[PDB]
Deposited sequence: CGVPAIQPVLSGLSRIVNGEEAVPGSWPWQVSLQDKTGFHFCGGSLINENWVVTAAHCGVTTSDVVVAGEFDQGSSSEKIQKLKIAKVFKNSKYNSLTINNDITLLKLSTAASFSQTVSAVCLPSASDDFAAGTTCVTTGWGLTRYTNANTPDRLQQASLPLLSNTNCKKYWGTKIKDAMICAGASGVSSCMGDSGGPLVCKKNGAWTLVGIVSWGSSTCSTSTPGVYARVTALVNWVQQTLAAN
C-alpha cells in the first residue's frame, strides 16, 4: 500500500492536474448514470473508504483507475457496491465521525493504476506543518467539475490554529489542512488527504467540509482517520 507504480509529480481550487494514474487508490463514486458525486480511497481490493455525508448507497458505483472523466475510451473499472457501512457515530449536525466504508460486490483488479492507500495506526502523530496532498475531481473554481484528476500539496494545521477560525465547530474526529492557497471543493468530498509515513502514502484525512465558497485562505476540514481507524479495522474484521 501507499506506493504508486506511477510516481506522482507535485510542484480542488488552485491545485494542478495530476500525472495519470499516480494516485491509484483514488476512486470516483458515481450514480447509475455515471454522475460523479464524491471521491473515495481503496484500502484493499474489496473495500473503499469515503465520507459519511456522501450518502453512498448500493445503487451507486465505485470507479477505479480513472483519470480523465471526459474520456469514454479510457480504461477503467466500474465496481458494484455490495454493502455500505456508515459509521453509526456520524453526527449529521456537527459532521463529526464523517466516515463510511464500502464493501465491493466484486474485488477490484489491482494494477499499475489501481492499488491501495495505507491506513495509519490510531496512535500515529502527523505533526502540524507536515506537507500532505489531497486529490479529486471537485470544482477548480467556485461551474462543472474538471475532467482530469487534480492534486494539491497543503500543510496540516494544529487544532489550535484551525480553531482560530472555526472555533468550537472543530470536533475530535476532525483534522484541518490548507488555508494555504488551495482548497477542496464540491466533488472532492470522501477523497483522500495523504501524508507520507516512512515513505508510504498514508490516509490521514477524508475530505469533509469547510469554506462554503471554497476559499483558499480558510482551513479545510477532514475526517481524522487516526481517530476512526479502529472502527475501520473492526468493520473489516467482522465483514
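Could you list the ranges of the deposited sequence that have no C-alpha atoms in the model?
Gaps vs deposited seq, in order: 12-15, 147-148.
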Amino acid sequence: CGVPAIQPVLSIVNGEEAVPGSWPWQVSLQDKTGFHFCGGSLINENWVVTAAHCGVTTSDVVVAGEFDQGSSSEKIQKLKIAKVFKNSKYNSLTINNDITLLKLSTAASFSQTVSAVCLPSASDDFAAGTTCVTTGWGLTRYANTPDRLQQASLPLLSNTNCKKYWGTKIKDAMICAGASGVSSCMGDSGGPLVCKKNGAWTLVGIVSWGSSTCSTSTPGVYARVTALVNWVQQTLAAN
From here on, numbers count along this sequence of modelled residues.
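Throughout, rigid core stands for the largest set of C-alpha atoms superposing within 1.5 Å between the two forms.
Stretch 186-194 versus stretch 169-177: after rigid core alignment, which one is farther off in C-alpha RMS in 9 other deposited structures of this protein?
Of 186-194 and 169-177, the stretch deviating more in 9 other deposited structures of this protein is 186-194.
Say the other structures are aligned on the rigid core; which stretch then has the higher CA RMS in 9 other deposited structures of this protein, 123-131 or 73-81?
So, of the two stretches, the farther one in 9 other deposited structures of this protein is 73-81.
Residue 111 dropped from a third or more of the other entries of this protein:
Result for residue 111: never missing in the compared entries.
Across the other PDB entries of this protein that were compared, is residue 157 absent from at least a third?
No, residue 157 is modelled in every one of the other compared entries that cover both of its flanks.
Selected stretch [higher average CA B-factor]: 89-97 or 75-83
Comparing averages over the C-alpha atoms only gives 75-83.
Say you rank 139, 152, 149, 107 by Cα B-factor from the PDB entry; which sits at the top?
Out of 139, 152, 149, 107, the record gives the largest C-alpha B-factor to 107.
Modelled-residue ranking by C-alpha temperature factor, third containing residue 12:
Within its chain, residue 12 is a lowest-third residue by C-alpha B-factor, going by the deposited values.
Consider only the C-alpha atoms of the modelled residues in this chain, order them by B-factor as the entry records it, and name the third containing residue 213: lowest, middle or highest.
It belongs to the middle third of the chain when residues are ordered by C-alpha B-factor.
Sorting by Cα B-factor within the chain, modelled residues only, which third would residue 28 end up in: lowest, middle or highest?
Residue 28: CA B-factor falls in the lowest third of its chain.
Ranking the modelled residues of this chain by C-alpha B-factor as given in the entry, is residue 135 in the lowest, middle or highest third?
Lowest third - that is where residue 135 ends up once the chain's C-alpha B-factors are sorted.
Consider only the C-alpha atoms of the modelled residues in this chain, order them by B-factor as the entry records it, and name the third containing residue 168: lowest, middle or highest.
Lowest third, going by the recorded CA B-factors of the chain.
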